[PDB]
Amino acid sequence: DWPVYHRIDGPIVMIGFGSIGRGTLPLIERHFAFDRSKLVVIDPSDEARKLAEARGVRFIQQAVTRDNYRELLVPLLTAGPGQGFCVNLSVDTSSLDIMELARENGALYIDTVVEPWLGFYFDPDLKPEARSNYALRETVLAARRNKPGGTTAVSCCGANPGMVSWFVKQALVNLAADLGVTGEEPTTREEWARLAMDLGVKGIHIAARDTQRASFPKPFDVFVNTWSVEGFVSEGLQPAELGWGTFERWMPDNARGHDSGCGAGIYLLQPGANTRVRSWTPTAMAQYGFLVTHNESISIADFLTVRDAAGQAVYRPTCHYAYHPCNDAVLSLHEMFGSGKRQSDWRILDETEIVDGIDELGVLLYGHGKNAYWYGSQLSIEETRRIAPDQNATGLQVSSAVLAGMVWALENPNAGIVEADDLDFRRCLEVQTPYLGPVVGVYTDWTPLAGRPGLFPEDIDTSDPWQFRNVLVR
């Protein structure tokens, strides 16, 4: 009695079958009507092939590359009888090139990252600015300007980026009620941005604490994570990056901006997974997060930008990731950065290996009259196993967001290139919420200046606790 939202008439082309593909396929089978034979999975690994064969789904063992993607994908996307859906959950592939190929062939598209073709993340000829997620996102915004409207393609619709955009909207609604701000619920981007401004939201952390842990301890010289190791390391070695709020009075000496684009970002000349920030979640209370670049750090700040008539930004929230991954991933980062090179091996924790834990993932809106408000999911591994197969709690928050994005795309298939900020947050959360466990809002009086200054002189701004100057760990 799981809801079947729609029938999909055309081919369903899943690119990538790692941790998220494995968790998303069963949700697609559960929630859409289609002949199983219309699915096709593309992945270069033998591991993926054997799992796909165990599920009786068509499999092509190929890496999608710049050289082959047109000849490989166009026949799959256009096999008919109707509109196909490209579900892209891969690494090492260009999200922009594949999305544009889907659109010109009339196929819907969804992904969870603006990924580049293999070679980009470690290309020594690129300036740091060009390796930023701001720069990658700007290629998507340029593609939209060049071809407005047309077939829907949903960029960056996982848990974060993705779901957390919908949490920001729900949190703004809750804050407005709790603070007594009158007005109808916003229905346009400008109205959302004005509501954040009117509420006095100085900034937003994507504030996450993963407490899953395995039945075995972290092995030496093995990177351990609850989702893509390759993907986490790639974003962790990109510059630290944030949407930059109009309220900020200070940035570090090694911070840089952008000469062009939407104007909402800065980045630091240091890797994000070795950059710490002071943050807070309900279960962690005060904790360090890593300032890992994410698409939504830019997209949320951009979405909530208010401009004057000259086009100058007069309000924008700071927005960035404050990630505390699982303990073995924390150790894995200490080992990787401490050695100066990637470990020899890695592994992604399977639900059969996880003893207990939750993936606490939400948004921390701060600077308003009630100081700080966290809104999000506290999904446990135990609940995950009861309600969805083949994934851990991290995976289910992502796969269920892809499901919601797919439902929205089928119901709005002529919307052009869109981000999660552009979707109907209420419909998406209606689809996703059965998979999120406890979803709660919590206020706190904690601030980044709690307990400070201490035994040593610190470079703090005592006038405003939430300044990045107080959040960033030097």
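Start at 1 and count along the sequence shown; that's the residue number.
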Original post:
Of 86-94 and 348-356, which one has the bigger average CA B-factor?
Top reply: 348-356
Original post:
123-131 versus 162-170: which one carries the higher mean Cα B factor per the record?
Top reply: 123-131
**OP:** Among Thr283, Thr182, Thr384, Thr394, single out the one with the highest C-alpha B factor in the record, please.
**Re:** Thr182
Subject >> Highest recorded Cα temperature factor - choice among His294, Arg278, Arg307, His205 >> reply: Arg307
Original post:
Lowest, middle or highest third: where is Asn412 by C-alpha B factor in its chain?
Top reply: lowest
**OP:** Determine, from the deposited record, the chain-internal third of the Cα B-factor for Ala313: lowest, middle or highest.
**Re:** highest
Original post:
Taking the C-alpha B-factors as the PDB entry records them, is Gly243 in the lowest, middle or highest third of its chain?
Top reply: lowest
Subject >> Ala142, C-alpha B-factor rank within chain (lowest, middle or highest third) >> reply: highest
Subject >> Entry-reported Cα temperature factor of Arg58, expressed as the chain third it lands in >> reply: lowest
